[PDB]
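Quick heads-up: it's one chain on its own, the form deposited in one PDB entry, in structure tokens.
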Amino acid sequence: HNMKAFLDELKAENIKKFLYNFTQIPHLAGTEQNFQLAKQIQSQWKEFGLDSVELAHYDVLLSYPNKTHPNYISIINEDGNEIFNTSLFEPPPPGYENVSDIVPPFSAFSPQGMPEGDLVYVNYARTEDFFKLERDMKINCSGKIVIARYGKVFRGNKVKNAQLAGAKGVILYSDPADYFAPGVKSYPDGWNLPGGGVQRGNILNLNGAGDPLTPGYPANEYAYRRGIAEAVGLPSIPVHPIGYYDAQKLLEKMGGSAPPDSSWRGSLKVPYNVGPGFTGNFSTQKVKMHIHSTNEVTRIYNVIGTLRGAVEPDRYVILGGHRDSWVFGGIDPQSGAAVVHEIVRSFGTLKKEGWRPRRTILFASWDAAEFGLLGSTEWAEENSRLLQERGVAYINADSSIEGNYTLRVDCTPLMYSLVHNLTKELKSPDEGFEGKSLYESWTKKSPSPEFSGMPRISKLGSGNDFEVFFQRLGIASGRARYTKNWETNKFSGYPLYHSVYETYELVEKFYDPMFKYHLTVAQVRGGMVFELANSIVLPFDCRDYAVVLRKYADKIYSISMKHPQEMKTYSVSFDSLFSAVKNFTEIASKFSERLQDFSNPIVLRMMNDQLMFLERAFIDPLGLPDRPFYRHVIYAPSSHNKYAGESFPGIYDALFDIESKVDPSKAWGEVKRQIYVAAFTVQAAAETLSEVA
């Protein structure tokens, strides 16, 4: 009973069977189908040998289209005749044309409305796209309907940016430039997005809050709920997503200004004119949205499985991923959930033979992730005191594959050495690397930009269920999956993301026919959990944090140094931050020596608690400015793109666009304040590794 016994028990054929099982019908959050799947998972986890398996339910704000009053968009003429209508549903894939309960495409949490107006095209609707429009092109989005292509940033940020530019509605679409890889066929004949395909997804800006109605507290049976007008993160203008056949019909008539440059042009045979409005002949025509979706408080269910630790049952290593899907969830999330299921089964086989992990392992099937990470966040709000004092690590397990090229890992620096060592012990599943380690194939295909002979590991961003554990609670977190070649593939994520076409067949035929990539991912996620839960000394290397802190401090300093006159005028010094980083490096190095050099379980557990609380020490209980649920001072989701991680976010946001601020004294004061906060937090985290007395 060692890690190799655990790894060897995992089977590609089991993951395949589970994935097929989890993807035959839709499992939309808050629906009966998804409750039944929760009960099935609960039952099988018990069968598999877990000590306890419970449902934790919450009543949270969800959003659904109105079944009898469909959402759509029109081009309307001067008389008010609707001369073109967008689709009411995606053409269903072969053999699913009689599946019921496929939710039509919609933007979850859109308010109702029927705004009518002239179009402005805003590229990806990024902060810089709006800068370019308003500041350089002098185009005013006020009272216009904005059309934006999906890609580059989280769609919630797009909607916020449009709303702040004064738009009265947003139309999101998938451009073939971003969702149709050259030389591959459309689904069902290949893995590309067809013209009728549409990407679902919520457009909230929760900033870590969880259920919009109950920020701070679990949405239990006696919860006090905010009124809708005070809910967190809801958009104020209607929003709806469409495919590129429909987008072409909306864009082909566009007039006004030419696109400023080629980075504004997608692949449709249209000019990509910014607008506002249509060219000469069609200038009396307008665009009309019809959105009738409703928000409603709906019950959701997490499955929580427990495998009690033999020696430290009060230390938790968590493996969690969501179970709710937009439609069939062939990739997102069931390719991850099938892997979690096999990992539980494997741990349970060992448990039936008398083994227990040293520490407790918790397994989670989260609900309502698609609606804003609601299930994981409510559960963590409920259990925050247990998680704060006992949480060793959180390993996420959403989509196992988004490509077939190489490994992708995003994690805290505390897990870098764990990940390097583990991948050196795993077999590469890649063609041309048979008999070579996963470390070797991963390092060759995705070299670290900083270090020779190391692989790339990215910062954690957000848009997934580790968010509450890492950026709210300060629990060391990581995730891993197979991914595409990010050098040669210029499209975003995978084309069929959140569309009806994301099916079991998509995975089995095009992504992973042997289920070898899924198996590799099961080994990486499961092996990380195994080492975290069983290693005598927690497998965290604090010296890896010291190295990245220096890199982030150099980076934030170089950003500020674009304004040398203001740094002089306002006496802006990074000296304290570099001093704190230097101290962290020195103290971490001394702690590592002590960790090498001690039969005494109090010293050990004292040392394991210093390792466990180190991530915790980066939490500021006052949170970041106007984002009280982002409390980690080193990492937060980018204020311009929730998916991307930003380092020293408090300083970054204080410097961002600072040359445009009206009161430079005040703005540079706030930069200095954020420098102080970061230097202090780094020094305080360093001091948790000093001798305790």
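Shifts are known only where both forms have a C-alpha. Sequential numbering from 1, following the sequence displayed. The term rigid core refers to the maximal set of C-alpha atoms that superpose within 1.5 Å between the two forms.
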property	result
Residues of the deposited sequence that sit between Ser599 and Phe598 yet are not modelled	1 to 3
Segment of higher mean CA temperature factor, 448-456 or 107-115	448-456
Entry-level comparison of average CA B-factors, 206-214 and 284-292, reporting the higher stretch	284-292
Top Cα B factor in the deposited entry, candidates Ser399, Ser462, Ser257, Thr520	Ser257
Selection by C-alpha B-factor (highest) of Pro276, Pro621, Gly151, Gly336	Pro276
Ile331, C-alpha B-factor rank within chain (lowest, middle or highest third)	lowest
Chain-wide C-alpha B factor ranking for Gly195, given as lowest, middle or highest third	middle
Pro26 - Cα temperature factor, lowest/middle/highest third of chain	middle
CA B-factor ranking of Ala686, expressed as a third of its chain	lowest
Lowest, middle or highest third - CA B-factor, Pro238	middle
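Quick note: we don't show the form deposited in another entry, though the next part is all about it.
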| property | result |
| --- | --- |
| Core-superposed comparison between this form and the one not shown - Cα displaced by 2 angstroms or more, from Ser576, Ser283, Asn489, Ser384 | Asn489 |
| Relative Cα spacing, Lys490 and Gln248, in that other deposited form - shift of 3 Å or more | farther |
| Closer or farther in that other deposited form: C-alpha pair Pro188, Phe491 (3 angstroms or more) | farther |
| Where the chain shifts between this form and the one not shown once the rigid core is fitted, runs of at least 3 with Cα moving 2 Å or more | 486-493 |
